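Novice: The following block contains the structure, expressed as structure tokens.
Number of protein chains: 2
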Amino acid sequence: XXXXXXXXXXXXXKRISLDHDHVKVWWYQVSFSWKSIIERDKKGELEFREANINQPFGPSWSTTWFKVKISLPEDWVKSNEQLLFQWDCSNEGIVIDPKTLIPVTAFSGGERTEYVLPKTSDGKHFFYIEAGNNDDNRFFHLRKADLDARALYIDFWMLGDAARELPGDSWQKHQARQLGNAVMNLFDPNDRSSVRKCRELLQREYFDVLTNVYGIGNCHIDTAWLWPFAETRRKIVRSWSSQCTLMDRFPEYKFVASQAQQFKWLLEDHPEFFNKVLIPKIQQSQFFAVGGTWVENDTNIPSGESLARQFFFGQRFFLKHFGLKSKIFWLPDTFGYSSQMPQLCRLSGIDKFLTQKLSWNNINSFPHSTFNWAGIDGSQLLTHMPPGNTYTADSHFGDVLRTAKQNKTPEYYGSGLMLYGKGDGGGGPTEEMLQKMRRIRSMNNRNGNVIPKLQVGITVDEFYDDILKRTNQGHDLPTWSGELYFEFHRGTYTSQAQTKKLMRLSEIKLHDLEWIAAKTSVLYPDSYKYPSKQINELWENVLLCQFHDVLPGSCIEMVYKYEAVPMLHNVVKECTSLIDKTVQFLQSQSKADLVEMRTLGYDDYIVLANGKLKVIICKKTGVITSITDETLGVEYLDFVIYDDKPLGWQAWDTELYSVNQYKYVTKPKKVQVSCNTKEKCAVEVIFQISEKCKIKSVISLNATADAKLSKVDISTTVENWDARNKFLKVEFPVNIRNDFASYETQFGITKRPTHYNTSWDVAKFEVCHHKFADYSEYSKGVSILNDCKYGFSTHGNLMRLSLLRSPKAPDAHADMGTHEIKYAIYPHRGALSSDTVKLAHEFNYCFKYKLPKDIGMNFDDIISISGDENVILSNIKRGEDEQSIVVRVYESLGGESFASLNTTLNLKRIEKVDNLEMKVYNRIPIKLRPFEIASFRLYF
Amino acid sequence: XXXXXXXXXXXXXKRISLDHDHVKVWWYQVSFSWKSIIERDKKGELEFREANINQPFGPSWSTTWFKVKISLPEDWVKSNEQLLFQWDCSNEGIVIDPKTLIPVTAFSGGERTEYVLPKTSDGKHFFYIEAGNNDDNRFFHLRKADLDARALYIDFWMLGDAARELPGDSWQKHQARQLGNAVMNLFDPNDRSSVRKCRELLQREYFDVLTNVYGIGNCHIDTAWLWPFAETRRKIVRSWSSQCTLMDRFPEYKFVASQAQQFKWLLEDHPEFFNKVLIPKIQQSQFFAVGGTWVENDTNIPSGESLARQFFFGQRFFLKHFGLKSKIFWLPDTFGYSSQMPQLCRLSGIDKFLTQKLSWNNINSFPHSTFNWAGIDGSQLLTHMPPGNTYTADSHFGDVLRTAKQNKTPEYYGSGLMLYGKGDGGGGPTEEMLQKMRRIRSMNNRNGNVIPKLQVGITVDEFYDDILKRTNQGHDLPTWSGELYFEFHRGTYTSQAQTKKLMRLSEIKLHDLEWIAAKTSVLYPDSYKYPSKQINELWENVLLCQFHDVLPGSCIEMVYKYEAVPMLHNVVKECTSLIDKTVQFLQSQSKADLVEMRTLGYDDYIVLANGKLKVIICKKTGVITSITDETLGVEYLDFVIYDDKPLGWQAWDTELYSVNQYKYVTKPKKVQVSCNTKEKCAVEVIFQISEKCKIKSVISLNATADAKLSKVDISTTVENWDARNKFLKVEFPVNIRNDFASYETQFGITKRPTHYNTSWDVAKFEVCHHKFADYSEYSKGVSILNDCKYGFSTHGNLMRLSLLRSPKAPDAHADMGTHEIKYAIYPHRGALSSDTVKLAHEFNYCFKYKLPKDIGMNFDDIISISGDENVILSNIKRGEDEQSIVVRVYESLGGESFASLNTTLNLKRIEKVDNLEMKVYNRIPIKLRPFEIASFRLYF
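So the sequence lines, in the order shown, correspond to chains H and L.
Quick note on the working numbering: the first sequence kicks off at 42 and runs consecutively.
Quick note on the working numbering: the second sequence kicks off at 42 and runs consecutively.
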């Protein structure tokens, strides 16, 4: 059918010319800054040397600079020709043509790329290019030219490619075939006069339901990944330069940036001439900042304060010369989404959101891609969702009509959605031939509006103007309550808990000193008292490791050591330095000060004797048998049984072997008890397994009301040895029947069933959590507190916490070494149903005691008339510039009770203020809605 | 490709002979019993007259008898020929060849059918056949014959039909084509010698992974449907006779019967010779009784007592000569299934269940058709599920390989499942050519076991022996918690509430006198005291209208009048007669007796002033604005707003018009108040709509602690007029956020979300309920009590009760006429969370007061030491034969608390006994499991 005759023939087979200049070429390498090397160039004879040939290398962390001094050949003849220099793209680097140094040019784009030499100025210039190693040898040759001949070659390549994508039943496929025919006729027998003429004839063969197809070129950059931050800091400057050279070459282009800190990275590295580059670039057009967010992160693990700073400290750039923005919120690589996001968005002045994964196309009780998200708070979020092709559809895309068809099926709207650029790497490239892409697509389809029109230059702001018109304001709409569920690729989330232990301890610790440091305002006045400039710098370093890829611990071994480096550590070390600092001139009013933040036995007979409860491990079995309440009457049989099953997948996802029996840790145990006291009781029982390894958990608790508490504390200490690729968990089967699982999400409590959605794919079902998870019919249940482990699962009502994971990924630090784990099991009652939530989250508190000399009185309870047990205040902090402070509260128990808010203060005034710390004229609500975040601001 | 050459040719086109006997033929009709007409035949000249021709008719409820006296033609020649008489099947009737009357023969089979004349006895006999009218004229002609020639014609017809079903890619399709070729060769030119010879040649062309394909011929009969009970009582005797004549013709055949009462219907109508027919039939083989159930019904609407009697009173036949049974439970036409069924099955000694609808094939978190059902009680149920082809796959099936392929995909097992016979009609037919069906399918596939073997004679009992072997005992298995959800065809469930009002009032009323009538045992001894024989006859009539098709009210107009007839009415009338009877010699110990069963204002300012709560309707709007708790703090905005939307579908399913605006009942209302008192407060507000109709609801409640109660009572009285095809509902939006909806199912409380499963198809989502439905985060919520309406819906947390429905089905009584409706709205609190459930269900109680002369003392509280608020005792009754009584309890609140059971009695003993009232040796449990039915028995 002549299918392989037209397609594979001409696609393979003045005009393009290749000249070679061997001399004047220099090479440089550092085996030990662009401004530092410019002074080391002209002076004497340094490591800069003549290359003139291909330079091989070997694996190193070193970077290799390269210098090419080119003299323009002849005068007029080769000037009209297009000047070009081809380079082989290495792992990283930069390219410059500095005098002395004005420019910064793009590198990080794909292995194929073009560098244009200015035809405006006739003379000799210089070139500075470095190549990051990880080895990749560069192929460098000068390439002259024509533009019209190469255009036809590209247009034909995108022609026949579009012929294959078009339906064979349509006449267009037979048309495009005949179009690929006539072109091949004059193209074959090597004729320049025919090629240029045939290009004109092809255009004549080209030009002879309201819908729209658009796209926005973007670069998604991970600040920490298998390449480090310092190296990727050089990678982000390559993303800006590719646009700058594209602007003069092509107009109407659109770029978006998920990092507000990206601006600062460029302003710190290139403060001089590139601060004045951004202003005409951003203000006029062609640039948009999405979300104005300081960090792109997973929202499940951290608190709302992490989401509070990124909005506020990312809005700080708006105070500088900046501020052309968009209403879209972009978290493409983020796994999972919080249920408080619809509430956080509207308050942050951002009305749109984008989600890559976590969706399906079918009747789900859900129509399509485009979606209006209604959280459990009751608020609504209009969000724009890309199809199942994700962001890799338009990434490095020359295929034209290929994914255009697959985009139309999931989406209805009046139009589709395309995201240009790659989100996997040091940063995404932006192709320079996109100008022809938009043009050649306007060659196939006619102009005027009848058939869908092709415009790549439209902005999402105008796109959101279209959705406000076509579709109704709505009452009954696409509706999904809570979060979304698809293949999560949880992976490292529960793996390498040691980086969580450091972070989660640093999380609370940095969240510790915040508010109380504003309570010393009255004591010693200067600015009064608050580490405004001091704590601002603190949040700068912490948010850097909190990114979506970095925080769970999925990365190479090099940057993983930078996670356990002072980056995480010194934060705790500086905060523990400040907490011992501010105390000196403060606590001096305290003789003996207990510092805590709030606002108002037997062996053979196997018993630990007390009133509250009883939990018993059988003899020689090693497994807890009876957990039973006398007053309640609930008896348990199948507790705390540790289970170890291997893992055969990589760091990304988790895939267990087919029907693999999980090895129990039960063995010929021995019995022991740590101490002897009414205050302290710890009974020790040893567990062992094949390839002997010591797995230790501890038992701690306070009796009743001599010790006082309602909850046990069980901490696990395990030093891993030998066998890798294993996944360890501890089971807490409730032996109870409930279709609902109580779990506390970020700023609230979400309601999720015991069984996953019927559309679920992956066998293994695990859920990420903050602190505790419960099962409650409201008259009773079982509550499980935990530390350093964010994961858990619903087994058919068997509570299983994930202690450790060891992926087969190329990381050797995820396998062996000691670990300190902690968790708990708590008895549940209807009266204690609101108590278990209160005794869970903030239990991470660490007791600390210190005393100065005595002059004063140390008892002051300064909080004013609120007293709501159903509400919990997560964050209260100051401002930037005044020093007005903000107060943010959220209701713990919601969905049933309507919390009356009497919260107020004295000696000053108060007004309700959103999460962006921006002034809002409703006033303080006397009653809080269920599952509502209440944030306020305080002024003198 | 010669596809239509072989298939449509020979399929259309001594041997078959047609003779006509005009004389000796008689006809009979009753325009005004088989035993009554036999005495009216030979005597004188009655309405029995000579027919000899085709007799036309007209629509009537009459039945037309027919008599054919046939003399055997010649002697030997036409004796060897197969004697047959063809009849045109009418709506109903019976066929007999009585001397004087021995036989009863089958009729109700399809319009085509065969009646064989005995070749054993040479002589003259008689024929008695009646035809039910609803007119259908009968075509009657005597047909002689051969058996070998007709066999080839059938075998060839099932051959070419199997050729089309077989894949064209396989050689079998090309083979069967060539098989259809050679046969057509000798068949075409009218040769008897060739046909008989070619039949032998075809058999030679026939005969030349472990799996099994089986089936069981069955007849599903609805006792009340578009044809009445008295008429279908004649229809059930036609189902038995078709088997009896089939037994001698073909062996190994299997029949099953979902009705245990079906035996009694035959024993009452034919007590003499047909009581001795069943014993060799059932005992040896070929017959199985499924479930031993008295009735086949919807389990959602009635109580457990209805499910208790059907097992017990259906097990009464086992006491007679009976009792070859099966472990399968069959409810094919039943819409929806209870969650207590896994618990009820194991106790009833029945380990298997069958479900037609309510399933899907995909990964649902569910593998396949075959399923092990785990209820919310924790118990497991192994159930056998037919594919998506339901029971109509093998119904009237000559198509052979057709549905054989579609059966294999949903099911894995080692084998598939097929159900022969039709479940829609007066009763299902069983074809007589099934003998050849099993044989011809053994002609295509070889014998011995390699390929799947075809046996239609295997019993499900042996089938359950295979499932115990191949598959594992299991831990992780197919798992679905609670009920199942697919297209329900709710329909008449909420339509025609008047038949529910009569039944639901009769439900409780018949459930009333049961236990307390055993409490008078000591008073006047004879047998002591209990209506053992009296209340047994009561349950006989009531269960008759409780069937799955009859109870919801989906039926013709004729039997619908039989629903409102004394059948439902006299039950209440006889029970209200007995309650005024037994009182006379009982209550005489009571001077003044209050009889109840248990065991221990303003207008312009628009307010009804009291302490407990406040509910306000705005002026002129007609809609309730603020329902607010002061102590709790929950304020409501959007209550009790009646909504009317039309309906464009039939009685079966419910389909609303595409985006049709539901008309509000708001209008220029006027304000009024019924009475004036602290005891009685009713404020009246009128509603009206287009084509004016008076829609009235009432307001009743008791204040606090002069009136005392925690709950309002709102009863609706509406007389329908004019416009039909409408669906009326009243909305109670909570204005709250909950992912869970609290609802009390039969014997317990099931947990269902606010959103339907993602695999749901139909837009409109409505749920059937018993009494109340709630939404609880356990600290608060909203409780809705209702009467006579079993339906409700979850709108995104808007409570909507269905008042009335008017389908477009051919029933004129579902449209107009008055209706009395009642419901309620209740305030919810954590402490009252167990109270709302207690104040909901049994509120249907009706106050009654009567007094006799005074001698005695009327206060005795006889219950002994239980006192569990979380448990509720639904039923306690006596036995059959002694007169030992049984006690059945079930826990209301479960899934959280483990209820300690101290329940016991005095002066006698007690033992745990299952739902079948059969003696069980665990003893009385001291603690009850969550969601567990506890049934016991009491002996002297």
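Note that the Cβ used here is the ideal one computed from N, Cα and C, for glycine as well.
Give the range of the beta strand (DSSP E) segment to which H:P607 is assigned.
Specialist: The residue labelled residue 607 of chain H in the question sits at position 566 within the first sequence. Where H:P607 is concerned, there is no enclosing beta strand (DSSP E), although the alpha helix (DSSP H) it sits in stretches over 607–619.
Novice: Output, in chain order, the set of chain H residues within a Cβ distance shorter than 9 Å of L:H796.
Specialist: The residue given as residue 796 of chain L occupies position 755 in the second sequence. Within chain H, the residues near L:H796 are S406, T520, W521, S522.
Novice: Grab me the residues of L:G457's own chain with a C-beta within less than 7 Å of its C-beta, minus the 5 sequence neighbours each way, in chain order.
Specialist: Indexing the second sequence from 1 puts residue 457 of chain L at position 416. Result list for L:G457: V254, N448, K449, in chain order.
Novice: Determine whether the beta carbon atoms of H:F773 and H:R870 lie at a separation below 9 Å.
Specialist: The count along the first sequence starts at 1 and reaches residue 773 of chain H at position 732. The count along the first sequence starts at 1 and reaches residue 870 of chain H at position 829. The answer is no: Cβ separation not under 9 Å.
Novice: Quick one: residues in its chain with C-beta nearer than 6 Å to the C-beta of L:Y156, no 5 flanking neighbours on either side, listed in chain order?
Specialist: The residue labelled residue 156 of chain L in the question sits at position 115 within the second sequence. Within the same chain, L:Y156 has close Cβ partners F126.
Novice: Please name the residue in L:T695, L:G134, L:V250, L:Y784 whose C-alpha comes closest to that of L:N490.
Specialist: On the second sequence, residue 490 of chain L is found 449 positions in, with the first residue counted as 1. Closest by alpha carbon: L:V250.
Novice: Buried or exposed: L:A872, going by 16 or more other Cβ atoms within 10 Å of its Cβ?
Specialist: Here residue 872 of chain L refers to the residue found at position 831 of the second sequence. Flag for L:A872 reads exposed.
Novice: Does any CB atom of chain H fall closer than 9 Å to the CB of L:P971?
Specialist: Here residue 971 of chain L refers to the residue found at position 930 when the second sequence is read from its first residue. Output row for L:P971: interface = yes.
Novice: Check whether the Cβ atoms of H:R56 and H:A190 lie closer than 9 Å to each other.
Specialist: The residue given as residue 56 of chain H occupies position 15 in the first sequence. The residue given as residue 190 of chain H occupies position 149 in the first sequence. Cβ atoms of H:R56 and H:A190: closer than 9 Å.
Novice: Between the alpha carbons of H:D909 and H:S933, how many angstroms are there, rounded?
Specialist: For this step, residue 909 of chain H is matched to residue 868 along the first sequence. For this step, residue 933 of chain H is matched to residue 892 along the first sequence. So the two alpha carbons sit approximately 10 Å from each other.
Novice: So, for L:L641: in the same chain, excluding its five sequence neighbours on each side, which residues have a beta-carbon less than 8 Å away from its beta-carbon?
Specialist: As a working mapping, residue 641 of chain L is identified with position 600 in the second sequence. Here the set comprises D902, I904, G908.
Novice: Hey, is the stretch 622–633 of chain L in contact with the stretch 712–725 of chain L, meaning 3+ C-beta pairs nearer than 8 Å?
Specialist: Contact fails: fewer than three Cβ-Cβ distances are below 8 Å.
Novice: If we cut at 9 Å on Cβ distances, does residue 1001 of chain L have a partner in chain H?
Specialist: Nothing about residue 1001 of chain L can be reported from this structure: the residues present for chain L run from 42 to 981 only.
Novice: Restricting to Cα atoms, I'd like to know which of L:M857, L:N827, L:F788, L:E958 is closest to L:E973.
Specialist: Taking the first residue of the second sequence as 1, we reach residue 973 of chain L at position 932. Nearest C-alpha to L:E973: L:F788.
Novice: L:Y784 lies in the beta strand (DSSP E); which residues open and close that run?
Specialist: As a first step, residue 784 of chain L is located in the second sequence; it is residue number 743 there, counting from the start. Element bounds for L:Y784: 781–784.
Novice: L:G429: which of L:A415, L:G416, L:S410, L:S436 sits nearest, CA to CA?
Specialist: By 1-based counting over the second sequence, the position of residue 429 of chain L is 388. It is L:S410.
Novice: Which ranges would you report for the beta strand (DSSP E) in the stretch 115–144 of chain L if only whole runs of at least 3 residues count?
Specialist: DSSP runs (the beta strand (DSSP E)) wholly in the stretch 115–144 of chain L: 125–127.
Novice: So, under 8 Å CB-CB, L:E91 and L:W106 are touching, yes? Tell me the CB distance rounded to an integer number of Å.
Specialist: Sequence index remark: in the second sequence, residue 91 of chain L carries index 50 (1-based). Sequence index remark: in the second sequence, residue 106 of chain L carries index 65 (1-based). The Cβ separation is near 14 Å, so there is no contact.
Novice: Taking 9 Å as the CB-CB limit, is L:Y819 close to chain H?
Specialist: Walking along the second sequence from the start, residue 819 of chain L turns up at place 778. Chain H contact via Cβ: present.
Novice: Alpha carbon to alpha carbon, what distance is there between L:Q514 and H:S299?
Specialist: Your numbering for residue 299 of chain H matches position 258 in the first sequence. Your numbering for residue 514 of chain L matches position 473 in the second sequence. Distance between the alpha carbons of H:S299 and L:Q514 is about 54 Å.
Novice: Please classify H:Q713: does DSSP put it in a helix, a strand, or coil?
Specialist: Here residue 713 of chain H refers to the residue found at position 672 of the first sequence. In this structure, H:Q713 counts as strand in the three-state DSSP scheme.
Novice: Under the rule that 16 or more other beta-carbon atoms within 10 Å means buried, what is H:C659, buried or exposed?
Specialist: Your numbering for residue 659 of chain H matches position 618 in the first sequence. Looking at its Cβ environment, which holds fewer than 16 other Cβ atoms inside 10 Å, H:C659 is exposed.
Novice: What's the call for H:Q381, buried or exposed, on a 16-neighbour Cβ count within 10 Å?
Specialist: Within the first sequence, numbered from 1, the residue matching residue 381 of chain H stands at position 340. That one is buried.
Novice: At least one CB of chain H closer than 9 Å to the CB of L:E337: is that the case?
Specialist: On the second sequence, position 296 is the one that residue 337 of chain L refers to. It does not: the Cβ of L:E337 has no partner Cβ on chain H nearer than 9 Å.
Novice: Could you list which residues in chain H have their beta carbon closer than 7 Å to that of L:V675, in chain order?
Specialist: Start at 1 with the first residue of the second sequence, and residue 675 of chain L comes out as number 634. Within 7 Å Cβ-Cβ: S938, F939.
Novice: Please tell me whether H:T799 has its Cβ less than 9 Å away from any Cβ of chain L.
Specialist: Locating residue 799 of chain H in the first sequence gives position 758, where the first residue counts as 1. Closer than 9 Å: yes.
Novice: Does DSSP put L:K863 in a helix, a strand or coil?
Specialist: Walking along the second sequence from the start, residue 863 of chain L turns up at place 822. Of the three classes helix, strand and coil, the one that applies to L:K863 here is strand, per DSSP.
Novice: Which word fits L:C887, buried or exposed, when buried means at least 16 other C-beta atoms lie within 10 angstroms of its C-beta?
Specialist: Here residue 887 of chain L corresponds to residue number 846 of the second sequence, with the count starting at 1. Its Cβ having fewer than 16 others within 10 Å, L:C887 is exposed.
Novice: So with CB distances below 7 Å, who are the chain H contacts of L:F773?
Specialist: The sequence position of residue 773 of chain L within the second sequence is 732, counting from 1. Within chain H, no residue comes near L:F773; the closest Cβ sits about 16 Å away, beyond 7 Å.
Novice: Compare the C-alpha of L:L509 against each of L:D392, L:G469, L:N761 and name the closest.
Specialist: The sequence position of residue 509 of chain L within the second sequence is 468, counting from 1. Comparing Cα-Cα distances from L:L509 to each of L:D392, L:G469, L:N761, the minimum goes to L:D392.
Novice: Just to check my reading of the structure: L:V501 and L:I257 have Cβ atoms closer than 8 Å, yes? What is that Cβ distance to the nearest angstrom?
Specialist: Residue numbering aside, residue 501 of chain L sits at position 460 when the second sequence is read from its first letter. Residue numbering aside, residue 257 of chain L sits at position 216 when the second sequence is read from its first letter. Right, the Cβ-Cβ distance comes to about 7 Å (below 8 Å), so this counts as a contact.
Novice: Report yes or no: is there a C-beta of chain L within less than 9 Å of the C-beta of H:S699?
Specialist: The residue labelled residue 699 of chain H in the question sits at position 658 within the first sequence. It does not: the Cβ of H:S699 has no partner Cβ on chain L nearer than 9 Å.
Novice: Which residues in chain L sit within 8 Å of H:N779, going by Cβ to Cβ distance?
Specialist: Taking the first sequence and counting its residues from 1, one reaches residue 779 of chain H at position 738. Here the neighbours are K792, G936, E937.
Novice: What would DSSP say about L:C659, mapped onto helix, strand or coil?
Specialist: Sequence index remark: in the second sequence, residue 659 of chain L carries index 618 (1-based). In the structure shown, L:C659 sits in coil (DSSP, three-state: anything other than H, G, I, E or B).
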